[PDB]
């Protein structure tokens, strides 16, 4: 198996529109949650979320191209450009065939779907946009990114809800490990802060309804948590075969070493009580990496701030790491960014890789009183200096997908 290193990172999030701003935000416990402005949410059960602010796609994309793509693609393409520039990776006719793209999303172009359905009902099917399909479908993020960057290698798209970005990075990792690509632009993206998305997640009673105090709604592991807080954005990584990376003197953040996927085959949205699947995902990600649980330094938890997830995940971490679970640092950055759904795995992988390189872990803000069963060190309040030798990123998404990614310092 080829070794795979992370050579570039890009991010557009509710707390920063660049890698630097995003990381600084995480280090300062920046809060990206606030009242919804992208649409009139006055008639919604949840009226706040984590929106990307001060972002203009036309600053980075050709005007006509930007006009012909949805926001979820704006994020993916722009975050990918960031990653490529960060990596200083030059893509030309000579290496284009060995560089692919794998960007996942959970819902894709919902905005287009809503706008077009509204048109269909009001003006008739003949008035619908001829660009509806190529702007709406989930794989457009990967497709448009490849066209923008000139990547002609494997181009795929994983749609596994909250785990979309993690599965994308994991699958890209395999492509490089198995020699099907020398480099992969991968991660996740989501721009689902829309009336229908909010209506659906609110109806399912999945979203926090703390409209009176949006700044403290997202509180992973806290006893008073009442649902996740949606966010939007994209996180992208450049995974590269070690020899190729070294040959060009690539910047190296760390090495990706493990990936595991399991399924509870229990319930479509509710996690299994004993957290068996999540436990196995963590245990197998470690086995895939040839690492013992005691080697883990930090875990960027899924920690969505829902009653069921946070305690089940804590149980899984404790079952997978044993007593060592109490000797590591765990934190949910969703406390600051909100749950980016398909994009969560992307920006969280970015945060995890940065932690490995910076020896600093982001906090779980808003955590005041954790449930008795959420008794680990969740790095509450402020970021903390810590030697991060091995770090995991968890994604336990709706649909029953349990995914864990493992990274470690490059040596």
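Numbering follows the first chain given and starts at 1.
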Would 132 to 140 or 76 to 84 have the larger average of its C-alpha temperature factors, as given in the entry?
132 to 140
Return whichever of 37 to 45 and 341 to 349 has the greater mean Cα B factor according to the PDB record.
37 to 45
Of 183, 236, 282, 250, which one's C-alpha B factor is largest in the deposited record?
250
So if I compare the CA B-factors in the entry for 399, 10, 14, 25, which one is the largest?
399
Would you check the entry's CA temperature factor for residue 58 and let me know if it's in the chain's lowest, middle or highest third?
highest
Going by the recorded CA B-factors, say which third of the chain residue 167 sits in, lowest, middle or highest.
lowest
Residue 90's Cα B-factor: lowest, middle or highest third of the chain?
highest
Chain thirds by Cα B factor, record data; residue 209 belongs to the highest
Using the B-factors in the PDB entry, rank residue 190's C-alpha atom against the chain and give the third, lowest, middle or highest.
lowest
